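Taking it in order: structure first as structure tokens, then the write-up.
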Amino acid sequence: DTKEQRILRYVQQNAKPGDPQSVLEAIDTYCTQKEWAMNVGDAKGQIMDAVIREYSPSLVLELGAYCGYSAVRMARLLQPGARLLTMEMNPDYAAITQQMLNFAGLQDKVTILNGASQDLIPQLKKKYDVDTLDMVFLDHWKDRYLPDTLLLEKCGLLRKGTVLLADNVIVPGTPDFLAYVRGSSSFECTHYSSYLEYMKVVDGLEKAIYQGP
Ligand SMILES: O=C(CCN1CCN(c2cccc(C(F)(F)F)c2)CC1)c1cc(O)c(O)c([N+](=O)[O-])c1
Ligand SMILES: C[S@@+](CC[C@H](N)C(=O)[O-])C[C@H]1O[C@@H](n2cnc3c(N)ncnc32)[C@H](O)[C@@H]1O
Ligand SMILES: [Mg+2]
């Protein structure tokens, strides 16, 4: 079997069904004591929680689901009627994420889009009845952060006030994206210093609020 399968099994045998909180703790425990995995983690996760609470978004778009850690993290805090759409190109990971959401009992709030962000973003308004996004969580391959941000803007998916939250702006780093948003008058950026998931290495999240053209 695979690492992702082992994590899922760990959650089923250790977490409490329908309890998003126990699911998160089960995953963090497994990754802290058995195998490192690219989940955003609890340190950065707590910062995410605080940002979600402040903005209370109704429509959130996540780029990069993996095993569903951050999706469960964000969805558990969404207000009734809110929706979370998450894109995952690896069909194997998308399957795990779906199972993770089901076990957490958050399957009704989340919709998994299986495909590459560059191919799916142009189809959001048409196929998923999306006007504009309240918040976007960037956490897929780092070289896609800038091009996908430009794609979201081109397709008119961003509006004044849309919050973009990006992971790993320090480690592994996202050079072009970070330079672009911090230098553009279209974005108001704030940096939250934290730590790389399951490690003492310093990393951080960048919050970039779209101001419009
Ligand atoms: O950190 C990485 C990748 C970087 N990598 C260096 C090695 N390191 C690690 C493990 C055990 C042990 C040791 C060592 F033995 F060196 F100590 C090192 C694991 C991590 C990372 C993090 C993310 O949040 C992402 O979204 C993301 N994406 O999307 O690609 C990538
Ligand atoms: C770090 S993992 C996401 C982990 C998740 N954010 C969490 O906090 O647990 C990044 C995911 O990006 C996804 N992937 C990479 N590039 C993608 C793209 N352009 N569109 C969709 N999925 C992509 C990968 O398949 C990978 O599972
Ligand atoms: Mg990450």
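For the structure tokens, the naming scheme is as follows: chains receive sequential letters (A, B, ...) according to their order of presentation, residues are indexed from 1 within each chain, and ligands are indexed from 1 in presentation order.
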Considering only strand (DSSP E) as DSSP defines it on the backbone, what residues of segment 9-207 of chain A qualify? List them as a PDB file with C-alpha atoms, in the first residue's frame.
ATOM      1  CA  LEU A  59     -17.279  30.262  -1.087  1.00  0.00           C
ATOM      2  CA  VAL A  60     -13.746  28.925  -0.696  1.00  0.00           C
ATOM      3  CA  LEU A  61     -11.512  27.473  -3.392  1.00  0.00           C
ATOM      4  CA  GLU A  62      -8.595  25.226  -2.430  1.00  0.00           C
ATOM      5  CA  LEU A  63      -5.840  24.328  -4.892  1.00  0.00           C
ATOM      6  CA  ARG A  83     -19.165  25.783   0.107  1.00  0.00           C
ATOM      7  CA  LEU A  84     -15.606  24.572  -0.290  1.00  0.00           C
ATOM      8  CA  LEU A  85     -14.371  23.476  -3.706  1.00  0.00           C
ATOM      9  CA  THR A  86     -10.996  21.727  -3.772  1.00  0.00           C
ATOM     10  CA  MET A  87      -8.946  20.815  -6.849  1.00  0.00           C
ATOM     11  CA  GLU A  88      -6.724  17.710  -6.908  1.00  0.00           C
ATOM     12  CA  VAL A 110     -17.044  20.012   0.085  1.00  0.00           C
ATOM     13  CA  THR A 111     -16.897  19.275  -3.645  1.00  0.00           C
ATOM     14  CA  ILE A 112     -13.759  17.661  -5.028  1.00  0.00           C
ATOM     15  CA  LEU A 113     -12.768  18.701  -8.541  1.00  0.00           C
ATOM     16  CA  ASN A 114     -10.544  16.046 -10.074  1.00  0.00           C
ATOM     17  CA  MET A 135     -11.245  33.058  -0.391  1.00  0.00           C
ATOM     18  CA  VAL A 136      -8.618  30.990  -2.180  1.00  0.00           C
ATOM     19  CA  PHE A 137      -6.108  28.654  -0.541  1.00  0.00           C
ATOM     20  CA  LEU A 138      -3.001  28.064  -2.667  1.00  0.00           C
ATOM     21  CA  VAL A 163      -8.565  36.694   0.248  1.00  0.00           C
ATOM     22  CA  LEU A 164      -5.722  34.630  -1.176  1.00  0.00           C
ATOM     23  CA  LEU A 165      -3.895  32.567   1.449  1.00  0.00           C
ATOM     24  CA  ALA A 166      -0.671  30.930   0.248  1.00  0.00           C
ATOM     25  CA  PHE A 187      -2.903  43.205  -3.567  1.00  0.00           C
ATOM     26  CA  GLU A 188      -2.561  44.041   0.132  1.00  0.00           C
ATOM     27  CA  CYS A 189      -0.209  41.475   1.668  1.00  0.00           C
ATOM     28  CA  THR A 190       0.379  40.380   5.244  1.00  0.00           C
ATOM     29  CA  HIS A 191       2.876  37.694   6.249  1.00  0.00           C
ATOM     30  CA  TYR A 192       2.259  35.217   9.065  1.00  0.00           C
ATOM     31  CA  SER A 193       5.470  33.600  10.259  1.00  0.00           C
ATOM     32  CA  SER A 194       5.131  29.995  11.383  1.00  0.00           C
ATOM     33  CA  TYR A 195       6.820  26.599  10.975  1.00  0.00           C
ATOM     34  CA  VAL A 202      10.604  28.342   9.666  1.00  0.00           C
ATOM     35  CA  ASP A 203       7.940  28.750   6.980  1.00  0.00           C
ATOM     36  CA  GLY A 204       4.978  31.057   6.538  1.00  0.00           C
ATOM     37  CA  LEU A 205       1.632  31.874   4.999  1.00  0.00           C
ATOM     38  CA  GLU A 206       1.069  34.990   2.914  1.00  0.00           C
ATOM     39  CA  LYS A 207      -2.345  36.665   2.938  1.00  0.00           C
TER      40      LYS A 207
END
With 8 Å as the cut-off and only C-alpha atoms and all ligand atoms counted, what is the closest atom pair between each nearby residue of chain A and ligand 1? Distances in Å to one decimal, ordered by chain and number, as JSON lines.
{"residue": "A:35", "atom": "CA", "partner": "ligand 1", "partner_atom_place_in_ligand_line": "11 (C)", "distance": 8.0}
{"residue": "A:36", "atom": "CA", "partner": "ligand 1", "partner_atom_place_in_ligand_line": "10 (C)", "distance": 5.9}
{"residue": "A:37", "atom": "CA", "partner": "ligand 1", "partner_atom_place_in_ligand_line": "19 (C)", "distance": 7.5}
{"residue": "A:38", "atom": "CA", "partner": "ligand 1", "partner_atom_place_in_ligand_line": "23 (C)", "distance": 4.8}
{"residue": "A:39", "atom": "CA", "partner": "ligand 1", "partner_atom_place_in_ligand_line": "24 (O)", "distance": 6.0}
{"residue": "A:40", "atom": "CA", "partner": "ligand 1", "partner_atom_place_in_ligand_line": "24 (O)", "distance": 5.3}
{"residue": "A:64", "atom": "CA", "partner": "ligand 1", "partner_atom_place_in_ligand_line": "29 (O)", "distance": 7.7}
{"residue": "A:139", "atom": "CA", "partner": "ligand 1", "partner_atom_place_in_ligand_line": "26 (O)", "distance": 5.1}
{"residue": "A:140", "atom": "CA", "partner": "ligand 1", "partner_atom_place_in_ligand_line": "29 (O)", "distance": 4.8}
{"residue": "A:141", "atom": "CA", "partner": "ligand 1", "partner_atom_place_in_ligand_line": "29 (O)", "distance": 4.8}
{"residue": "A:142", "atom": "CA", "partner": "ligand 1", "partner_atom_place_in_ligand_line": "29 (O)", "distance": 6.4}
{"residue": "A:167", "atom": "CA", "partner": "ligand 1", "partner_atom_place_in_ligand_line": "24 (O)", "distance": 6.3}
{"residue": "A:168", "atom": "CA", "partner": "ligand 1", "partner_atom_place_in_ligand_line": "24 (O)", "distance": 5.5}
{"residue": "A:171", "atom": "CA", "partner": "ligand 1", "partner_atom_place_in_ligand_line": "1 (O)", "distance": 6.1}
{"residue": "A:172", "atom": "CA", "partner": "ligand 1", "partner_atom_place_in_ligand_line": "1 (O)", "distance": 5.6}
{"residue": "A:196", "atom": "CA", "partner": "ligand 1", "partner_atom_place_in_ligand_line": "1 (O)", "distance": 6.7}
{"residue": "A:197", "atom": "CA", "partner": "ligand 1", "partner_atom_place_in_ligand_line": "24 (O)", "distance": 6.6}
Output C-alpha atoms of each residue in that selection to a file, as a compact mmCIF listing (two decimals), in the first residue's frame.
# COMPACT_ATOMS: atom_id res chain seq x y z
CA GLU A 35 5.81 9.42 8.28
CA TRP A 36 6.18 13.06 7.27
CA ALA A 37 3.46 14.19 4.86
CA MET A 38 2.82 17.49 3.08
CA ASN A 39 -0.30 18.47 5.07
CA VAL A 40 -0.36 22.15 6.11
CA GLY A 64 -4.24 21.03 -3.86
CA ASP A 139 -1.12 24.91 -1.77
CA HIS A 140 -0.37 22.89 -4.92
CA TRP A 141 2.89 22.82 -6.94
CA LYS A 142 4.70 26.10 -6.19
CA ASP A 167 1.29 28.16 1.96
CA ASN A 168 5.08 27.63 1.75
CA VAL A 171 9.89 26.81 2.33
CA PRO A 172 10.00 25.36 -0.35
CA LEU A 196 7.02 23.94 8.27
CA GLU A 197 4.58 21.12 9.04
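The space between atom CA of residue 22 of chain A and atom CA of residue 69 of chain A spans 11.6 Å.
Every protein, DNA or RNA residue with an atom at most 9 Å from residue 24 of chain A, where only C-alpha atoms count and chain neighbours fewer than 6 positions away do not, is listed here: residues 11, 15, 41, 42, 69, 70, 72 and 73 of chain A.
Among the candidates A:144, A:9, A:159, A:182, the one nearest to residue 67 of chain A when counting only C-alpha atoms is A:9.
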Which parts of segment 3-104 of chain A does DSSP call alpha helix (DSSP H) when run on the backbone here, written out as JSON, numbers by chain?
{"A": [3, 4, 5, 6, 7, 8, 9, 10, 11, 12, 13, 14, 20, 21, 22, 23, 24, 25, 26, 27, 28, 29, 30, 31, 32, 33, 41, 42, 43, 44, 45, 46, 47, 48, 49, 50, 51, 52, 53, 54, 55, 69, 70, 71, 72, 73, 74, 75, 91, 92, 93, 94, 95, 96, 97, 98, 99, 100, 101, 102, 103, 104]}
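Our summary of the geometry notes that atom CA of residue 65 of chain A is positioned 4.9 Å from atom 4 (C, counted along the ligand's line) of ligand 2.
For the set A:13, A:198, A:50, A:6, the residue with the smallest atom-to-atom gap to ligand 3 is A:198, counting only C-alpha atoms and all ligand atoms.
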Separating atom 21 (C, counted along the ligand's line) of ligand 2 from atom CA of residue 200 of chain A, to the nearest tenth of an Å, is a gap of 27.7 Å
